[PDB]
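As provided, entry.pdb (PDB, C-alpha atoms) reads as follows.
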ATOM      1  CA  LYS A3328     -46.604 -49.679 -66.013  1.00  0.00           C
ATOM      2  CA  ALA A3329     -48.466 -48.452 -62.929  1.00  0.00           C
ATOM      3  CA  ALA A3330     -47.295 -44.883 -63.558  1.00  0.00           C
ATOM      4  CA  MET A3331     -48.434 -44.860 -67.208  1.00  0.00           C
ATOM      5  CA  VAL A3332     -51.843 -46.414 -66.556  1.00  0.00           C
ATOM      6  CA  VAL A3333     -52.552 -44.109 -63.598  1.00  0.00           C
ATOM      7  CA  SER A3334     -51.352 -41.048 -65.534  1.00  0.00           C
ATOM      8  CA  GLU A3335     -53.510 -41.802 -68.581  1.00  0.00           C
ATOM      9  CA  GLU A3336     -56.402 -42.354 -66.162  1.00  0.00           C
ATOM     10  CA  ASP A3337     -55.747 -38.958 -64.560  1.00  0.00           C
ATOM     11  CA  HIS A3338     -55.553 -37.231 -67.954  1.00  0.00           C
ATOM     12  CA  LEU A3339     -58.807 -38.931 -68.957  1.00  0.00           C
ATOM     13  CA  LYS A3340     -60.540 -37.825 -65.751  1.00  0.00           C
ATOM     14  CA  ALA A3341     -59.290 -34.264 -66.236  1.00  0.00           C
ATOM     15  CA  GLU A3342     -60.667 -34.260 -69.802  1.00  0.00           C
ATOM     16  CA  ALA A3343     -64.283 -34.729 -68.734  1.00  0.00           C
ATOM     17  CA  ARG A3344     -65.752 -33.817 -72.140  1.00  0.00           C
ATOM     18  CA  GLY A3345     -67.378 -36.401 -74.393  1.00  0.00           C
ATOM     19  CA  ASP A3346     -68.072 -40.094 -73.947  1.00  0.00           C
ATOM     20  CA  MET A3347     -65.177 -41.206 -71.738  1.00  0.00           C
ATOM     21  CA  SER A3348     -66.213 -44.594 -70.343  1.00  0.00           C
ATOM     22  CA  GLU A3349     -65.030 -46.215 -73.594  1.00  0.00           C
ATOM     23  CA  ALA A3350     -61.464 -45.064 -72.976  1.00  0.00           C
ATOM     24  CA  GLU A3351     -62.093 -46.055 -69.366  1.00  0.00           C
ATOM     25  CA  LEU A3352     -62.914 -49.584 -70.574  1.00  0.00           C
ATOM     26  CA  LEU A3353     -59.630 -49.643 -72.488  1.00  0.00           C
ATOM     27  CA  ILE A3354     -57.743 -48.398 -69.422  1.00  0.00           C
ATOM     28  CA  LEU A3355     -59.609 -50.903 -67.217  1.00  0.00           C
ATOM     29  CA  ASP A3356     -58.414 -53.706 -69.482  1.00  0.00           C
ATOM     30  CA  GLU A3357     -54.943 -52.190 -69.100  1.00  0.00           C
ATOM     31  CA  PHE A3358     -55.446 -52.081 -65.312  1.00  0.00           C
ATOM     32  CA  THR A3359     -56.528 -55.727 -65.267  1.00  0.00           C
ATOM     33  CA  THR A3360     -53.319 -56.468 -67.164  1.00  0.00           C
ATOM     34  CA  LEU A3361     -51.322 -54.426 -64.642  1.00  0.00           C
ATOM     35  CA  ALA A3362     -52.927 -56.108 -61.621  1.00  0.00           C
ATOM     36  CA  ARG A3363     -52.241 -59.477 -63.241  1.00  0.00           C
ATOM     37  CA  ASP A3364     -48.586 -58.458 -63.594  1.00  0.00           C
ATOM     38  CA  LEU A3365     -48.585 -57.435 -59.923  1.00  0.00           C
ATOM     39  CA  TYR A3366     -50.100 -60.736 -58.793  1.00  0.00           C
ATOM     40  CA  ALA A3367     -47.471 -62.458 -60.950  1.00  0.00           C
ATOM     41  CA  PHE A3368     -44.368 -60.676 -59.639  1.00  0.00           C
ATOM     42  CA  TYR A3369     -45.253 -59.318 -56.186  1.00  0.00           C
ATOM     43  CA  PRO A3370     -45.843 -62.794 -54.642  1.00  0.00           C
ATOM     44  CA  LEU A3371     -42.279 -63.777 -55.529  1.00  0.00           C
ATOM     45  CA  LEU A3372     -41.112 -60.308 -54.479  1.00  0.00           C
ATOM     46  CA  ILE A3373     -42.801 -60.615 -51.069  1.00  0.00           C
ATOM     47  CA  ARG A3374     -41.373 -64.092 -50.547  1.00  0.00           C
ATOM     48  CA  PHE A3375     -37.897 -62.824 -51.478  1.00  0.00           C
TER      49      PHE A3375
END
Could you spell out this file's structure in structure tokens?
Amino acid sequence: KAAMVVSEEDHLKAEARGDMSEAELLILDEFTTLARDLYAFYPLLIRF
């Protein structure tokens, strides 16, 4: 998940043309999802 979101972000940033902050909003929702997944699993992972 982290790899995909970061890679789409990098491709977006490379393709600077046109209105991009919309796709950045979509990827920021995806990143909020990803950080939520991290704060769901990584606490148990750290404890383990």
(request) To one decimal in Å, tell me the separation between CA of residue 3342 (chain A) and CA of residue 3354 (chain A). (result)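 A separation of 14.4 Å between them.
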(request) Within 8 Å of region 3357-3364 of chain A, counting all atoms listed in the file, which residues show up once you throw out same-chain ones fewer than 6 positions away? Write them as a ChimeraX atom specification, please. (result) /A:3328-3329,3332
(request) Between CA of residue 3368 (chain A) and CA of residue 3340 (chain A), measure the distance and give it in Å to one decimal. (result)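 We find that CA of residue 3368 (chain A) and CA of residue 3340 (chain A) lie 28.7 Å from each other.
Going from CA of residue 3365 (chain A) to CA of residue 3330 (chain A) covers 13.1 Å.
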(request) Would you kindly return, as number ranges by chain, each protein, DNA or RNA residue with an atom no farther than 12 Å from any atom of residue 3339 (chain A), considering only C-alpha atoms and excluding same-chain residues fewer than 4 positions away? (result) A: 3332-3335, 3343-3354
Enclosing box along x, y and z for every listed atom of region 3366-3371 of chain A, padded 5 Å each side, centre and size in Å, one decimal, as JSON:
{"center_x": -46.2, "center_y": -61.5, "center_z": -57.8, "size_x": 17.8, "size_y": 14.5, "size_z": 16.3}
